[PDB]
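Only one structure is covered here, and it is reproduced in the block below.
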Amino acid sequence: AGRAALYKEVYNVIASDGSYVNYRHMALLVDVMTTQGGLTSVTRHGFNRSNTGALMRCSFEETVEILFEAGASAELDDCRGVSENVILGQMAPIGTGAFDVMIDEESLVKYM
Amino acid sequence: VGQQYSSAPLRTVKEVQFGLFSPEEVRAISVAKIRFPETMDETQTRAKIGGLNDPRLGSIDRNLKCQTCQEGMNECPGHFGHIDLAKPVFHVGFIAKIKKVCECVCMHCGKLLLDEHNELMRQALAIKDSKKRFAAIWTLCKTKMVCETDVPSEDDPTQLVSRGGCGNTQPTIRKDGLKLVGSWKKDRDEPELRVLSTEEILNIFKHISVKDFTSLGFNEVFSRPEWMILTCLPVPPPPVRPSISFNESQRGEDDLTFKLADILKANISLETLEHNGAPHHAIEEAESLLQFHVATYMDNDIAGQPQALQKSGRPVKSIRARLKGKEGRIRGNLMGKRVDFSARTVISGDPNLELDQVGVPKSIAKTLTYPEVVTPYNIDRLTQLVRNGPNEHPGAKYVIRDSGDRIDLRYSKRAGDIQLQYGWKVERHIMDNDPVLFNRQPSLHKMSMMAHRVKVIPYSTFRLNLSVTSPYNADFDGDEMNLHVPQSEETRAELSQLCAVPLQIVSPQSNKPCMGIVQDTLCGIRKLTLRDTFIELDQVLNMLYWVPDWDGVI
Amino acid sequence: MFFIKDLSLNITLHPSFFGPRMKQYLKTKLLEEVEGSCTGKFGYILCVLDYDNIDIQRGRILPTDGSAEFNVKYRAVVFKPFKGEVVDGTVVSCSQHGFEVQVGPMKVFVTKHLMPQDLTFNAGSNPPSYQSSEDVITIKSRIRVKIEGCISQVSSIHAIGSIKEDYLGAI
Amino acid sequence: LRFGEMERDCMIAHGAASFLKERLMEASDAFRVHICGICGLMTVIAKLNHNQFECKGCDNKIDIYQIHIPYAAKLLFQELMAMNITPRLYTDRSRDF
Amino acid sequence: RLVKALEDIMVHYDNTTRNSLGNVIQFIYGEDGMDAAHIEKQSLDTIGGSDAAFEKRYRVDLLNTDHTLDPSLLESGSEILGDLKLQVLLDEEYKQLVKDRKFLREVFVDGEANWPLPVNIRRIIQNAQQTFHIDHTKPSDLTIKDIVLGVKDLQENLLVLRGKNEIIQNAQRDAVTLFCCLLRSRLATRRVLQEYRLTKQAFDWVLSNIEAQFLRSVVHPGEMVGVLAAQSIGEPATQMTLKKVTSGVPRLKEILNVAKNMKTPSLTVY
Amino acid sequence: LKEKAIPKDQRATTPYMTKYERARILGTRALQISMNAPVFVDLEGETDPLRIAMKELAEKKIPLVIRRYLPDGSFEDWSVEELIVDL
Amino acid sequence: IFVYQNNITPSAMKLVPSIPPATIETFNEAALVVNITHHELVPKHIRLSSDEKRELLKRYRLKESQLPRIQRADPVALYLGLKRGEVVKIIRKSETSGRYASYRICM
Amino acid sequence: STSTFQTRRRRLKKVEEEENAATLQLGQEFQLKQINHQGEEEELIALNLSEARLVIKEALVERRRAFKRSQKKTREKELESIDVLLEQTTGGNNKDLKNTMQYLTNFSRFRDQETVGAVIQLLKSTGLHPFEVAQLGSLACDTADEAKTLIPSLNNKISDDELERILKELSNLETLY
RNA sequence: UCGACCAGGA
DNA sequence: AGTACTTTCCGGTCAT
DNA sequence: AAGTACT
Ligand SMILES: [Mg+2]
Ligand SMILES: [Zn+2]
Ligand SMILES: [Zn+2]
Ligand SMILES: [Zn+2]
């Protein structure tokens, strides 16, 4: 029910201006804020504390502070984070990169 | 990238294991003793002493040598060095924990303060979350200040069971500057205040149990609490703290290269006290100095004021400060960079380009280049551009051959000569219809960056179509815009197939198109409509001629 | 002693060769970078078996250049001596510090003082030898050696062997 | 010019995967370093000529990789190391999922 | 913020919305798996309107001189009147359009019937119209079975999720429900013949199109939805240039922060 | 790893090619083509790689396979051949 | 289920989790005057057999953690009395598609 | 390089590299329990000379064949017969294989894939470990001592009489020249 | 030639 | 309830 | 400047 409100309110902030945003968006956000458990805030205090990798949170509001307690608790980073890769110079699993491409030697013969 | 082939297989990083350096490793890794604090001048004689920077580490003066590693400057990343401290020191950023850990374990024997025996503890030992056990465990035993030797088991509170021993009361602790102090309460009365020497803490940790580590948010292999205390100090190599030479007979050393210089000094001075007139505690007045420097070197924006100002009152750039958000490494070097193949100027509308185009001024199109690969399909056209030169427009300015070597088209005694080789690359000029990424910051839209078709035009401005104005959110009152040029046959694809303005027309941000018709065109499209408005032959004809796709049917 | 280990390799193929008979090329290159190789963990790679059923799997295309990368899984005949391994081979070189036997693709060397005593070293011989009461060791003479210690290096493996134990010497 | 945070976010939204990389690597930083397949570090003393590779300490010469990462990132790492923190670069996942 | 807090969220190939942990955030992007781009405000006619009018429009009774399709519309008009085996499909249909009504009135209590929905049906037909030069004069050639049985055969193919099982195929029905209401609303026997004189040709076309068009409006696994949704909110937040409540920008800030002490607290009790 | 490899049957992803997929196939193919790779369609005179790719991809004569990973890591393999190309 | 009026003594409550398997719950009168589940906003939840759950997981290839969670003390979690591990199925109305099926595990 | 069917999870501290001795302790890459490509388990594969000579020739041969389907589109006597099989299906710069064929073909102890078969069927009743079940096949041995001493991994795994019988049936199968 | 400030542009 | 602590694209000058 | 979270 909270979600329902949290959304309703957020929706009103955008409607009071006479603008329009398709549900899905405000929803998605209102959802991200809720799933975890209750009201997770969109601030260094909340979300940027989740189980997400280090390098990722690392790029927002606490950096070193976060990096320090990373090597100290021997964290392990998946490198599934958009950020993660951006920092490494690798292709992020995003749209164009949400999959791999291969040369099927087989089909490469029926073609001739 | 980097150049020069390596018989080393190449992969992508898949995981990042975070840890803490073990003095022993630090040493193994190092290729430099690092004893002297000086820089070079082997008695003014220019070079580098086997003291600081390059006692075998990286280099300068444009000279191969990197421990024969040669390759020189560009290619030889740095090679860490080390420097054996005198006495254990904290890690400016870990102090917080180092303390919170002691409050979790009692000295002398060094072991937990709450076994499976205490139930409230059990619950805190099932929680699988390093950040959370350790945040609950602590809250539980920060209070108890008596290393219990006998506790009431899962049975009668009458019968007492035994475990580890040494009831030596536990001292509460507080933080004063960079040192830990605590009081031991004596009953019969009054406290007992003494400073917890690093040498001591370090030890108590060394003895903490294997399953004790882990129980508390740690890791037997990558980060044993005992490592939060610095015994051996890694010495970042030039590239981390490069110089800056005004030719020769001058200096140019970097901030860091000084704090080490300091840390080093402050280190030696100490040593020369424990092997000489050691007025016992006239030393711990110079051991705090090491703890300081080796602290400020990493973090220099603490609570205990002393900024460690460097002669001239300039603050001192601590390592931490280099990563701190915005304008720094992480956020301003990795998440966002300066880049090549880019240009920017003033934008002005032009009611004559198709929506998806963008007017690029010859000036730029002759500057920006696109690497094309010599192929039978283009050989001809390509060789022509080359011949053409880098000054005429449709031309090019660089041909690179398999032998990884750049032929600078504007100088090379063979500019006019040259026959291309299938496989060679011919960095040519941007030409009519080279998809490009156009954009106007602040970028807060998919649309703040769109792909247009390059239309080389005269005069100095990016001439964008009107209707694609409201998406970038731009006017011509002196607004500037950025242009980025793709580089790989596949990169373009990524622009042209997902970023092309035509595509952006209808926006998901509000399930409605996001570009329309404005100003004249709009204002005018109304008038031109009205019942009252009629047009006569002579003109109806020109108008017809104007819609390029007119079927030619008056 | 000779083994038949199951190995695999990764070859990076340029789009160029993305022809009709690619498989062919791959295999071919597999062979260029294996047959004749050497490691400490595999020792001498000598010959790729079952040339025909070589598994290529689908190779994946890298992502900056079209080069694809296939994990060619194969099987082959290997051979890596060990310390304490007894083997016989043909002598090749013989000096005043010992003779060097050649156990297959490898060369085991035996020190003058790692042989017996009654076996001296004759210099003014042609070709160079080592004489005994009843034995004579020189070039072609076949020996049976006990590899005392192994030393891996580059693209080869050397080792020192003795002939001071029993049932060790000529044949 | 500068391809800042916002300019990234847009490409991410576009799903313009490779392009992003291209801006961040090839058209800027892009650097090639060598790793220890054992202790995920830059230790490796690569002589890229006599193909020697070593890495005394974790002591190698055999298990070594090569990677491409923004020079700024290399630095990020080296900097972290000087702060006594270890960022291991592993070329294969072992934690599954 | 908004952005950095949703970077990692994208639709994965299973048609679920997750982040870098794999934590499902939405099981179906936007509670429907449709890409915002392919959507328009349509009207669920089945909702508004007097209980009276509803009948006069969707109700067909083959057992009645005044509630049957006048044979001037259907080719097989006269030979149908009275047929009982048809009046069962004809009643099934109606008991459904009715179930629909109540359902919608349970979701959109406001009565508001205009909503963003994939596949613009109004137009898809408008073309069916002048594409076959359909004359509002001569009679159709659709079997009542033709209509009712194809419309049903349509919904079967509007696949969002695919899965080969119950739990999944069950979500399928869910994430389509609303769209269909609108579907059944516009392809109701009476309508299909009295309002838009469709021929078998037209109809079969209208169907094929609705399916394909729908299938396009699905979301592409790959879309970095998070960054999207973020900007989509944060963008019009910049354009905010400024009954006695807390307001816009400052309020939004208040919400995202989840502040305990909000300037305006209010509370409306009915 | 084959437990992470899903059968051609039991397959469940979209039967249609995602815009990113094709976007990348074309690119990737183009790239290779510009690399002097072999072209499986008669160039009706074309000479631009991404153009040839657009052609290869329409006669579905592109020897590529899109491997679609799932959140848990298991993947599904599809062929440009199979994949329907609406857009 | 025990319904107290103004409160229970902190000496008493520490006697509920002392007799497993059996379980006990504490509810205040004033909190039960109105059924929260009847509220316009709160959509209907549902318990899932440790059969229906082991399924939901297998069908999405989800690990327990990646699942949306509900508070052990969440109002409705109590109304039905969940247990650390039980999954609730949340079915609500939607302005994009009539009904939306969601799941909440417990912590 | 050329990875080997077993991803040993190396967690930083690589230090325990035991010795290599006829204590049947061969590198981790040669335990008695290694893994086959299909994913199955399989006994190590120990080859005694002349048994190898046959496995190599066998492949080097069947190579020259599938090397022509595609082409369209007595002691001293075998030295010459093999040199050719190489200068046809080998890299020619595999100076090792050459030298491995000489050695392998000179010190070999069997000529028939039938004789090598019996050798195996015999030794494979010993329960002995592959490496021994190799050396025994490629090393002349008259006494249980010449044996149990040049293959010290035997010592207590087989009664001298028994091992002596085996040595008897070996010289009896040992093809002439 | 790392930087600190100030003025200013959309 | 009080104390403590981090965050808030693109000339000229002076000097380290 | 403010706000929260942390002690
Ligand atoms: Mg402006
Ligand atoms: Zn070097
Ligand atoms: Zn104690
Ligand atoms: Zn190493």
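Every chain in the structure tokens has a letter given in the order shown (A, B, ...), and although residue numbers restart at 1 in each chain, ligands are simply numbered from 1 in the order shown.
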
Practice task
Write out as a ChimeraX atom specification every residue belonging to chain E that has an atom at most 9 Å from any atom of chain B, counting only C-alpha atoms.
Solution key: /E:35-40,116,227-229,231-235

Exercise for the section: Pick out the residues sitting within 6 Å of range 57-73 of chain D, and hand them over as number ranges by chain; count only C-alpha atoms (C1' of nucleotides), and ignore anything fewer than 3 positions along from it in its own chain. Expected result: A: 88-89; B: 8-11, 28-29; D: 29-37, 53-54, 76

Practice task
Pick out the residues sitting within 9 Å of range 1-15 of chain J, and hand them over as a ChimeraX atom specification; count only C-alpha atoms (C1' of nucleotides), and ignore anything fewer than 2 positions along from it in its own chain.
Solution key: /A:61-62 /B:440-442,480 /D:2,4 /I:4-10 /K:6-7

Restricting it to N, CA and C atoms (P, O5', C5', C4', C3', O3' and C1' of nucleotides), dump the selection as a PDB file, in the first residue's frame.
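Full text of selection_0.pdb as output:
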ATOM      1  N   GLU A  61      29.100   9.597  -4.339  1.00  0.00           N
ATOM      2  CA  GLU A  61      29.028  10.021  -2.955  1.00  0.00           C
ATOM      3  C   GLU A  61      29.941   9.440  -1.867  1.00  0.00           C
ATOM      4  N   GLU A  62      30.571   8.288  -2.031  1.00  0.00           N
ATOM      5  CA  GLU A  62      31.425   7.907  -0.918  1.00  0.00           C
ATOM      6  C   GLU A  62      32.760   7.353  -1.295  1.00  0.00           C
TER       7      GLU A  62
ATOM      8  N   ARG B 440      23.934  18.319 -27.214  1.00  0.00           N
ATOM      9  CA  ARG B 440      23.902  19.572 -26.454  1.00  0.00           C
ATOM     10  C   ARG B 440      23.668  19.303 -24.976  1.00  0.00           C
ATOM     11  N   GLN B 441      24.676  19.601 -24.160  1.00  0.00           N
ATOM     12  CA  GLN B 441      24.612  19.389 -22.712  1.00  0.00           C
ATOM     13  C   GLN B 441      23.854  20.572 -22.153  1.00  0.00           C
ATOM     14  N   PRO B 442      23.239  20.401 -20.961  1.00  0.00           N
ATOM     15  CA  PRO B 442      23.215  19.168 -20.165  1.00  0.00           C
ATOM     16  C   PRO B 442      22.438  18.026 -20.812  1.00  0.00           C
ATOM     17  N   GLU B 480      26.231  26.438 -28.135  1.00  0.00           N
ATOM     18  CA  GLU B 480      27.261  25.579 -28.727  1.00  0.00           C
ATOM     19  C   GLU B 480      26.823  24.112 -28.623  1.00  0.00           C
TER      20      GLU B 480
ATOM     21  N   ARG D   2      34.702  16.805 -23.978  1.00  0.00           N
ATOM     22  CA  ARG D   2      34.505  15.866 -22.896  1.00  0.00           C
ATOM     23  C   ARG D   2      33.232  15.048 -22.941  1.00  0.00           C
ATOM     24  N   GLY D   4      31.385  13.401 -20.724  1.00  0.00           N
ATOM     25  CA  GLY D   4      31.066  13.262 -19.315  1.00  0.00           C
ATOM     26  C   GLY D   4      30.060  12.241 -18.858  1.00  0.00           C
TER      27      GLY D   4
ATOM     28  P     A I   4      42.783  23.129  -8.041  1.00  0.00           P
ATOM     29  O5'   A I   4      43.083  24.558  -7.367  1.00  0.00           O
ATOM     30  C5'   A I   4      43.120  24.710  -5.951  1.00  0.00           C
ATOM     31  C4'   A I   4      43.192  26.176  -5.604  1.00  0.00           C
ATOM     32  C3'   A I   4      42.079  27.064  -6.167  1.00  0.00           C
ATOM     33  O3'   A I   4      40.850  27.067  -5.427  1.00  0.00           O
ATOM     34  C1'   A I   4      44.189  28.043  -6.703  1.00  0.00           C
ATOM     35  P     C I   5      39.472  27.443  -6.186  1.00  0.00           P
ATOM     36  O5'   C I   5      39.516  29.030  -6.429  1.00  0.00           O
ATOM     37  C5'   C I   5      39.868  29.942  -5.374  1.00  0.00           C
ATOM     38  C4'   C I   5      40.113  31.347  -5.900  1.00  0.00           C
ATOM     39  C3'   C I   5      39.018  31.962  -6.752  1.00  0.00           C
ATOM     40  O3'   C I   5      38.018  32.540  -5.907  1.00  0.00           O
ATOM     41  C1'   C I   5      41.130  32.326  -7.781  1.00  0.00           C
ATOM     42  P     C I   6      36.521  32.743  -6.464  1.00  0.00           P
ATOM     43  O5'   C I   6      36.657  33.942  -7.504  1.00  0.00           O
ATOM     44  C5'   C I   6      37.165  35.207  -7.095  1.00  0.00           C
ATOM     45  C4'   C I   6      37.417  36.075  -8.301  1.00  0.00           C
ATOM     46  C3'   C I   6      36.313  36.056  -9.333  1.00  0.00           C
ATOM     47  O3'   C I   6      35.253  36.886  -8.951  1.00  0.00           O
ATOM     48  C1'   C I   6      38.380  35.773 -10.419  1.00  0.00           C
ATOM     49  P     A I   7      33.813  36.638  -9.584  1.00  0.00           P
ATOM     50  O5'   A I   7      34.014  37.096 -11.097  1.00  0.00           O
ATOM     51  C5'   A I   7      34.422  38.426 -11.407  1.00  0.00           C
ATOM     52  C4'   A I   7      34.491  38.617 -12.904  1.00  0.00           C
ATOM     53  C3'   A I   7      33.341  38.033 -13.704  1.00  0.00           C
ATOM     54  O3'   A I   7      32.159  38.806 -13.710  1.00  0.00           O
ATOM     55  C1'   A I   7      35.369  37.376 -14.704  1.00  0.00           C
ATOM     56  P     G I   8      30.747  38.048 -13.800  1.00  0.00           P
ATOM     57  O5'   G I   8      30.775  37.380 -15.250  1.00  0.00           O
ATOM     58  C5'   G I   8      30.921  38.198 -16.403  1.00  0.00           C
ATOM     59  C4'   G I   8      31.184  37.368 -17.650  1.00  0.00           C
ATOM     60  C3'   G I   8      30.115  36.360 -18.048  1.00  0.00           C
ATOM     61  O3'   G I   8      28.970  36.890 -18.674  1.00  0.00           O
ATOM     62  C1'   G I   8      32.203  35.301 -18.177  1.00  0.00           C
ATOM     63  P     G I   9      27.698  35.948 -18.858  1.00  0.00           P
ATOM     64  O5'   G I   9      28.192  34.915 -19.960  1.00  0.00           O
ATOM     65  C5'   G I   9      28.447  35.364 -21.306  1.00  0.00           C
ATOM     66  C4'   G I   9      28.472  34.183 -22.269  1.00  0.00           C
ATOM     67  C3'   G I   9      27.263  33.309 -22.109  1.00  0.00           C
ATOM     68  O3'   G I   9      26.233  33.883 -22.815  1.00  0.00           O
ATOM     69  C1'   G I   9      29.051  31.902 -22.063  1.00  0.00           C
ATOM     70  P     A I  10      24.753  33.459 -22.451  1.00  0.00           P
ATOM     71  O5'   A I  10      24.770  31.923 -22.842  1.00  0.00           O
ATOM     72  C5'   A I  10      24.611  31.516 -24.195  1.00  0.00           C
ATOM     73  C4'   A I  10      23.962  30.186 -24.218  1.00  0.00           C
ATOM     74  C3'   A I  10      22.786  30.071 -23.275  1.00  0.00           C
ATOM     75  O3'   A I  10      21.633  30.666 -23.835  1.00  0.00           O
ATOM     76  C1'   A I  10      24.154  28.124 -23.135  1.00  0.00           C
TER      77        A I  10
ATOM     78  P    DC K   6      24.334   6.164  11.007  1.00  0.00           P
ATOM     79  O5'  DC K   6      24.957   7.559  11.523  1.00  0.00           O
ATOM     80  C5'  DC K   6      26.280   7.986  11.115  1.00  0.00           C
ATOM     81  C4'  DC K   6      27.177   8.088  12.335  1.00  0.00           C
ATOM     82  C3'  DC K   6      27.066   6.742  13.084  1.00  0.00           C
ATOM     83  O3'  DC K   6      28.247   6.138  13.682  1.00  0.00           O
ATOM     84  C1'  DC K   6      26.034   8.352  14.386  1.00  0.00           C
ATOM     85  P    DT K   7      28.101   5.020  14.863  1.00  0.00           P
ATOM     86  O5'  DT K   7      28.265   6.023  16.067  1.00  0.00           O
ATOM     87  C5'  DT K   7      28.764   7.330  15.738  1.00  0.00           C
ATOM     88  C4'  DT K   7      29.214   8.103  16.948  1.00  0.00           C
ATOM     89  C3'  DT K   7      29.511   7.223  18.156  1.00  0.00           C
ATOM     90  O3'  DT K   7      30.557   7.778  18.959  1.00  0.00           O
ATOM     91  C1'  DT K   7      27.590   8.516  18.610  1.00  0.00           C
TER      92       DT K   7
END

Practice task
Let me have all residues with an atom within 12 Å of ligand 1, counting only C-alpha atoms (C1' of nucleotides) and all ligand atoms, laid out as a ChimeraX atom specification.
Solution key: /B:346-348,440-442,469-470,472-481 /I:9-10

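Minimum atom-to-atom distance to ligand 4, evaluated using only C-alpha atoms and all ligand atoms, belongs to H:12 out of H:45, H:12, H:139, H:61.
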
Exercise for the section: Within 9 Å of ligand 2, which residues show up when you count only C-alpha atoms (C1' of nucleotides) and all ligand atoms? List them as a ChimeraX atom specification, please. Expected result: /B:56-59,64-73,75-79 /D:45-47

Those in range 70-146 of chain C with strand (DSSP E or B) from DSSP, as a compact mmCIF listing (two decimals) with N, CA and C atoms, in the first residue's frame:
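The file below, part.txt, is the result:
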# COMPACT_ATOMS: atom_id res chain seq x y z
N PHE C 70 38.07 -19.63 -31.11
CA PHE C 70 37.51 -20.94 -30.86
C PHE C 70 38.39 -21.68 -29.87
N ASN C 71 37.75 -22.46 -29.00
CA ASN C 71 38.44 -23.26 -28.00
C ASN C 71 38.56 -24.66 -28.57
N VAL C 72 39.59 -24.85 -29.38
CA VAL C 72 39.84 -26.13 -30.02
C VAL C 72 40.21 -27.17 -28.98
N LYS C 73 39.32 -28.13 -28.73
CA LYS C 73 39.62 -29.18 -27.77
C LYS C 73 40.21 -30.36 -28.54
N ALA C 76 46.36 -35.50 -27.49
CA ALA C 76 47.65 -35.78 -28.10
C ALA C 76 48.60 -36.57 -27.23
N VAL C 77 49.74 -36.91 -27.83
CA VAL C 77 50.77 -37.68 -27.18
C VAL C 77 51.83 -36.76 -26.58
N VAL C 78 52.00 -36.88 -25.26
CA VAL C 78 52.96 -36.08 -24.53
C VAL C 78 54.05 -36.95 -23.89
N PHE C 79 55.08 -36.29 -23.36
CA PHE C 79 56.19 -37.00 -22.75
C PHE C 79 56.99 -36.04 -21.90
N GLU C 85 63.10 -41.43 -12.82
CA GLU C 85 62.59 -42.20 -13.94
C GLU C 85 63.74 -42.84 -14.66
N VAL C 86 63.65 -44.15 -14.87
CA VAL C 86 64.70 -44.86 -15.56
C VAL C 86 64.38 -44.97 -17.04
N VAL C 87 65.32 -44.57 -17.88
CA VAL C 87 65.12 -44.65 -19.31
C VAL C 87 66.44 -44.83 -19.98
N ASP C 88 66.39 -45.47 -21.13
CA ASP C 88 67.57 -45.74 -21.93
C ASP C 88 67.46 -45.00 -23.25
N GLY C 89 68.59 -44.47 -23.71
CA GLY C 89 68.62 -43.73 -24.95
C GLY C 89 70.00 -43.82 -25.57
N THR C 90 70.20 -43.13 -26.69
CA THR C 90 71.48 -43.15 -27.39
C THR C 90 72.37 -41.97 -27.05
N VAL C 91 73.64 -42.25 -26.77
CA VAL C 91 74.58 -41.19 -26.43
C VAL C 91 74.76 -40.34 -27.66
N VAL C 92 75.08 -39.08 -27.44
CA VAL C 92 75.27 -38.16 -28.54
C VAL C 92 76.62 -37.46 -28.42
N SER C 93 76.75 -36.61 -27.41
CA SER C 93 78.00 -35.88 -27.17
C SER C 93 78.72 -36.48 -25.96
N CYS C 94 80.05 -36.49 -26.02
CA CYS C 94 80.83 -37.04 -24.91
C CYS C 94 82.08 -36.21 -24.64
N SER C 95 82.16 -35.65 -23.44
CA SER C 95 83.31 -34.83 -23.06
C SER C 95 84.02 -35.34 -21.81
N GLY C 98 81.54 -35.68 -18.95
CA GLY C 98 80.49 -36.67 -19.11
C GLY C 98 79.97 -36.83 -20.52
N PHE C 99 79.04 -37.77 -20.70
CA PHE C 99 78.43 -38.01 -21.99
C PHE C 99 76.98 -37.61 -21.85
N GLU C 100 76.34 -37.32 -22.97
CA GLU C 100 74.96 -36.92 -22.93
C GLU C 100 74.11 -37.90 -23.74
N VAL C 101 73.26 -38.65 -23.05
CA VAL C 101 72.39 -39.63 -23.67
C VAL C 101 71.17 -38.93 -24.18
N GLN C 102 70.55 -39.49 -25.22
CA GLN C 102 69.35 -38.87 -25.74
C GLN C 102 68.10 -39.72 -25.69
N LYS C 107 67.27 -34.71 -24.01
CA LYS C 107 68.67 -35.04 -23.78
C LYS C 107 69.01 -35.08 -22.29
N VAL C 108 69.33 -36.27 -21.78
CA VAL C 108 69.70 -36.43 -20.38
C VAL C 108 71.22 -36.48 -20.37
N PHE C 109 71.82 -35.74 -19.44
CA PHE C 109 73.27 -35.68 -19.33
C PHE C 109 73.79 -36.35 -18.06
N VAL C 110 74.90 -37.07 -18.20
CA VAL C 110 75.50 -37.78 -17.09
C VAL C 110 76.91 -37.30 -16.79
N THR C 111 77.11 -36.81 -15.57
CA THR C 111 78.39 -36.29 -15.10
C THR C 111 79.46 -37.34 -14.87
N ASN C 122 89.00 -41.49 -21.39
CA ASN C 122 90.09 -41.48 -22.37
C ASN C 122 89.92 -40.31 -23.33
N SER C 129 85.83 -41.26 -25.74
CA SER C 129 85.16 -42.27 -24.95
C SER C 129 85.44 -42.31 -23.46
N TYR C 130 84.97 -43.39 -22.85
CA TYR C 130 85.12 -43.68 -21.44
C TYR C 130 85.42 -45.18 -21.35
N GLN C 131 86.59 -45.55 -20.84
CA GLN C 131 86.93 -46.97 -20.75
C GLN C 131 86.76 -47.64 -19.39
N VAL C 136 83.05 -50.16 -22.65
CA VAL C 136 83.55 -49.04 -23.44
C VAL C 136 82.35 -48.22 -23.91
N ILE C 137 82.24 -46.98 -23.43
CA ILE C 137 81.13 -46.09 -23.78
C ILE C 137 81.57 -44.90 -24.64
N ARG C 142 74.61 -47.53 -26.66
CA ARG C 142 73.33 -47.37 -25.99
C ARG C 142 73.46 -47.49 -24.49
N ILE C 143 72.86 -46.54 -23.79
CA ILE C 143 72.90 -46.53 -22.35
C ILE C 143 71.52 -46.50 -21.76
N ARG C 144 71.45 -46.85 -20.50
CA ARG C 144 70.22 -46.85 -19.77
C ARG C 144 70.53 -45.96 -18.59
N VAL C 145 69.82 -44.83 -18.49
CA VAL C 145 70.04 -43.85 -17.43
C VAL C 145 68.91 -43.66 -16.42
N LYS C 146 69.29 -43.25 -15.20
CA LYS C 146 68.33 -42.97 -14.14
C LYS C 146 68.35 -41.46 -13.96

Handout entry: Distance query range 366-380 of chain B at most 7 Å, only C-alpha atoms (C1' of nucleotides), self and fewer than 2 positions along chain excluded, as an MDAnalysis selection string
Key = (chainID B and resid 341 362:364 382:384 393 420:430 487) or (chainID F and resid 34 36 47)

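Near chain A, within 12 Å and counting only C-alpha atoms (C1' of nucleotides), the residues of chain K are residues 3, 4 and 5 of chain K.
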
Practice task
Set the cut-off to 12 Å, count only C-alpha atoms (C1' of nucleotides) and all ligand atoms, and list whatever residues fall near ligand 3 as a VMD selection string.
Solution key: chain B and resid 102 to 114 145 to 149 163 to 171 204 207 to 208

How would the residues just chosen look if you wrote them out with C-alpha atoms as a CSV table (one decimal), in the first residue's frame?
chain,number,residue,atom,x,y,z
B,102,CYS,CA,39.4,-4.3,19.8
B,103,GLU,CA,36.1,-3.5,21.4
B,104,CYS,CA,35.1,-6.8,20.0
B,105,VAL,CA,38.0,-8.9,21.4
B,106,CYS,CA,40.0,-8.7,24.6
B,107,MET,CA,43.8,-8.4,24.7
B,108,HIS,CA,46.3,-10.8,26.4
B,109,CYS,CA,44.6,-13.9,24.9
B,110,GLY,CA,42.9,-12.4,21.9
B,111,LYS,CA,39.6,-14.1,21.3
B,112,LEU,CA,35.9,-13.3,20.9
B,113,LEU,CA,33.9,-12.0,23.8
B,114,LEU,CA,30.7,-14.0,23.1
B,145,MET,CA,33.9,-5.4,29.5
B,146,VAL,CA,34.9,-8.7,31.2
B,147,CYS,CA,36.4,-11.6,29.3
B,148,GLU,CA,34.2,-14.1,30.9
B,149,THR,CA,35.8,-17.5,31.8
B,163,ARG,CA,35.9,-22.0,27.9
B,164,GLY,CA,38.8,-19.7,27.3
B,165,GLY,CA,40.5,-18.1,30.2
B,166,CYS,CA,41.9,-14.7,31.5
B,167,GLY,CA,39.3,-12.4,33.0
B,168,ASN,CA,41.6,-9.5,32.6
B,169,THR,CA,39.0,-6.7,32.5
B,170,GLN,CA,38.3,-5.1,29.2
B,171,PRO,CA,39.0,-1.3,28.8
B,204,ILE,CA,46.4,-9.0,19.8
B,207,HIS,CA,46.6,-14.0,17.7
B,208,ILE,CA,42.9,-13.7,16.9
